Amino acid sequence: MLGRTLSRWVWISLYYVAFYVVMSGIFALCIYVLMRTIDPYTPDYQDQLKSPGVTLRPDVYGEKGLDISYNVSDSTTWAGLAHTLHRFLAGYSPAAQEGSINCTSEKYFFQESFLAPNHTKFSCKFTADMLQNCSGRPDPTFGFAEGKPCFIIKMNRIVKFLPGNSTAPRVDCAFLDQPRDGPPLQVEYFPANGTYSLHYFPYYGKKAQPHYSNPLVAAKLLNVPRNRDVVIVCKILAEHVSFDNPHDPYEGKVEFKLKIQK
């Protein structure tokens, strides 16, 4: 015997396994009830999503954040940055956008009925050519070969989030520390002003807009000096976007080290 007899061992096992089945059943039921609680289109609460995050491409991380460094003289130092930039843009090709539609309103694209196919709502097209000089055409080196690179600023989507009506949310990139010896960060943004059209909002969730694609803005940095380490902060200027959070550097802004070697 290892604590009981061979029949006392079986009768306790049967009880514990019974206990465990019933409790697993009660649990499985709780989860099931929970899932008819849940609407597949709009989340119940958005507590951690008060302000949208911001990301950039190409995302290359060192330690402690985004660090991007390449040699203009060597084409092979920026090849991968181009490559990830091109490879990211593939979902924004005219064919990739076959599920979205032409949006002209330049106002919030509110939809209540699901008139799009398979009982969904329509989503607005955003095609890579809307980034113009930073679309990979005619310059497939996306600004890098010439020492004036493009970074694309993407605002994290959030269901029914509206960023403010008075204008479209805009990107602004400036140096984090204005250099005492130098002038402000000079940048041209595509589309003009660096705006996200209002009709890309609200997001209605992957189930309602499966073909939804985030509008982008490219930030063509024109000013940045060679062989010096800089830090660039791109903030979203929108009424309901904040970038003040000290426990989330990516809330409402994105910052990156940049060095352009020669």
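By rigid core we mean the largest C-alpha set that fits within 1.5 Å across both forms. Numbers for residues come from their place in the sequence shown, where the first is 1.
- Between 109-117 and 174-182, the larger root mean square Cα shift in 4 other deposited structures of this protein, once each structure is superposed on the rigid core, falls on 174-182.
- Greater C-alpha displacement in 4 other deposited structures of this protein (rigid core superposition, RMS over structures and residues), of 6-14 versus 235-243: 6-14.
- Relative to one another, 180-188 and 76-84 have unequal mean CA B-factors, and 180-188 is the one with the higher figure.
- Taking the mean C-alpha B-factor of each stretch as recorded, 152-160 and 111-119 are not equal, and the higher mean is that of 111-119.
- The entry lists C-alpha B-factors for 223, 213, 48, 55, and the highest of these is at 223.
- Sort the chain's modelled residues by C-alpha temperature factor and residue 67 lands in the lowest third, per the entry.
- Compared with the other modelled residues of the chain, the Cα B-factor recorded for residue 39 ranks in the middle third.
- Placement of the Cα temperature factor of residue 136 within the chain: lowest third of the modelled residues, per the deposited record.
- In the deposited entry, the Cα temperature factor of residue 169 sits in the top third of values across the chain's modelled residues.
- Sort the chain's modelled residues by C-alpha temperature factor and residue 21 lands in the middle third, per the entry.
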